Amino acid sequence: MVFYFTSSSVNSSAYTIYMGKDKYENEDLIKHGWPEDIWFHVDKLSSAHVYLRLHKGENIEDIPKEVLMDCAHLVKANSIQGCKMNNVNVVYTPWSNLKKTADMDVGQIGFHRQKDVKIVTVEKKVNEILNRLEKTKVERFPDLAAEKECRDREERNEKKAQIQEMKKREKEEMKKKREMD
Amino acid sequence: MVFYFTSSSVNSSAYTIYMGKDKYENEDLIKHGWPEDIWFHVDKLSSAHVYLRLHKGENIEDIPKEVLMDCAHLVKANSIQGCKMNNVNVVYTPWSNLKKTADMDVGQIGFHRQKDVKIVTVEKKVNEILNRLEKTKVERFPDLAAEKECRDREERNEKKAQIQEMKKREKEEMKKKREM
DNA sequence: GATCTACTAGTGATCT
DNA sequence: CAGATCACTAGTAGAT
């Protein structure tokens, strides 16, 4: 079981935010995460693992500030100690940067690249943001490997389509080439 | 190839709106459509088939009017003869109601029940709706059978956890009503 | 291998 | 003036 939320931005584009609070569930989310997912955790303390799912080709640097602060408010509110302390640092890095060494007890994670870890400090607490996110809170029992399988199949199909387009363009090229000779 | 749009509600809940590229891909949409999908088409004219993905458990009568008018604007704008008029009736029914006979031709679809077909009228035309939805447009090449398989697996897991909860519940209940 | 059918793929033109 | 469709020709999978 995984938690799901939605964060709308001023861009008129909505983002999906899924959170496990469970160490085992956090392991399953670490396993099957997508390349478009951004991992959020409170820095020094224990907290739930909060994921922000970016659109395709969207870059971590392009995350709108309001959705970022939504994820940071979410992971701060779900930090056991963090929901008390009023200035807290939230570390977030792309799921592609999460490194699981076998020395890691279940549910704890490392990083491939220290440069790719970003940090954002949340001051105090905002009840309005948490209310808005709670309106969109829904529970799910997904098959993570299957859903990522669907994602990868879509990427494969898009690449194949791109290849077909290229071959069509090349055939039209050669056609105009012979028609100019 | 399938087009995907996002319609935000006034409560700031997002809805997915998908529309096929051609009528054959739309046959693919008809085949693998989800039980949460609501099918949209222009009434008695020729148009695109625009689908709305409802939240799990949401009912066709629960649709917010803004999302409904977004979908209806989307079929109207994509209709050959429909984008040119000022009043266009749009029929919509749950995907579960769609019936496809081998007699039917590509782009045509029937209904198991006439009582489940609904109508909503689009008056005039709005460019702000169309452009707003256009900024969320994205092209995808999904595997629809695998995606509906994922949805059904989620439903299965949900029902399993449910009947597990009932099993533990009636267990503890039998213990209490036994020893008390 | 020798026919044969039954399908898919490719291509140029012609129609919207 | 891009895409759908027609009218072919040519290639491939089985099957006898």
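Residues numbered from 1 in each chain as written, not as in the entry; some residues may be left out. Chains lettered and ligands numbered in written order. Heavy atoms only, no water. Residues with missing side-chain atoms left out of burial classes, pairs and counts.

Please clarify how the interface of chain A and chain B should be interpreted in this entry.
How large an interface is tends to be reported as the accessible area lost when its parts come together. With 18 residues of chain A in contact, the opposing surface of chain B contributes 17 residues. Roughly 1800 Å² of surface becomes buried between chain A and chain B when both sides are summed, with 61% attributable to carbon and sulfur atoms. It is A:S12, A:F141 and A:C150 in chain A that bury the most area against chain B; as a group they hold 31% of the surface buried on that side. We note a salt bridge from B:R140 to A:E154, for which the minimum N-O separation is 3.6 Å. Taken together, chain A and chain B are joined by seven residue pairs in polar contact. Contributing elements (two or more residues each) for the side of chain A that touches chain B: β1 (2–8) and α4 (144–179) of chain A. The leading source of residues in the side of chain A that touches chain B is α4(A), at eight residues. For the side of chain A that touches chain B, the residue count by class is six nonpolar, five polar and seven charged. (Contact = heavy atoms within 4.5 Å. Buried area = accessible area lost by both parts, 1.4 Å probe. Salt bridge = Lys/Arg side-chain N within 4 Å of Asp/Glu carboxyl O. Polar contact = N/O pair within 3.5 Å; in protein donor to acceptor, adjacent residues only side chain to side chain. Helix = DSSP H or I, 4+ residues; strand = E, 2+ residues; numbered from the N terminus. Nonpolar A, V, L, I, M, F, W, Y, C, P; charged D, E, K, R; others polar.)

What's the story with the sheet that holds strand β4 (residues 50–53) of chain B in this structure? I'm lost.
Strand-to-strand pairing in sheets goes through backbone hydrogen bonds, with the strands running parallel or antiparallel. Residue and element names in this part refer to chain B. Read from one edge of the open sheet, seven strands run β8-β5-β3-β4-β2-β1-β9, paired in antiparallel fashion. The open sheet has two edge strands, β8 (118–123) and β9 (138–140), and neither has a second partner. With strand direction ignored, the average angle separating the axes of adjacent strands in the sheet is 30 degrees. Note that strand β1 (residues 2–8) and strand β2 (residues 14–20) share seven bridges and pair antiparallel. (Pairing = 2+ DSSP bridges. Axes fitted to C-alpha atoms, helices over the stretch in contact; angles between N-to-C directions.)

Help me out: how do you make sense of the packing of α4(A) against helix α4 (residues 144–179) of chain B in this one?
Helix-helix packing: each pair is described by the crossing angle between the helix axes and the interaxial distance. At their nearest, the axes of α4(A) and α4(B) sit 9 Å apart, and the two run at 165 degrees to each other. Here α4(A) lies roughly antiparallel to α4(B), going by the angle between them. Between α4(A) and α4(B) lies a crossing of left-handed hand. Mapping the contact onto sequence places A:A146, A:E147, A:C150 and A:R153 in α4(A) and B:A146, B:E147, B:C150 and B:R153 in α4(B). Broken down by class, the residue content of the contact of α4(A) with α4(B) amounts to four nonpolar, no polar and four charged. (Parallel < 35°, antiparallel > 145°, perpendicular 65-115°, else oblique. Left-handed = near helix turned anticlockwise from the far one by under 90°.)

It is not clear to me how the pattern of salt bridges should be interpreted in this structure. Could you clarify?
In a structure, side chains of opposite charge can pair up when their charged atoms sit close to one another. Applying the stated criterion to the full structure yields 32 salt bridges over all chains. Between A:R178 and A:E179 there is a salt bridge; the shortest N-O distance is 4.0 Å. By relative accessible area, A:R178 is classed as exposed at 56%. For the salt bridge of B:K56 with B:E154, the shortest nitrogen-to-oxygen distance reads 2.7 Å. Separated by 98 residues along the polypeptide, B:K56 in the loop between β4 and α2 (65–77) and B:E154 in helix α4 bring together distant segments of the chain. Classification of B:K56 by relative accessible area gives partly exposed; the value is 48%. Under the relative-accessibility criterion, B:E154 is labelled buried at 2%. Look at the salt bridges and you will find they share partners, linking A:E36, A:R151, A:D152 and A:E155 into a network. (Buried < 20%, exposed > 50% of the residue type's maximum accessible area, 1.4 Å probe, protein only.)

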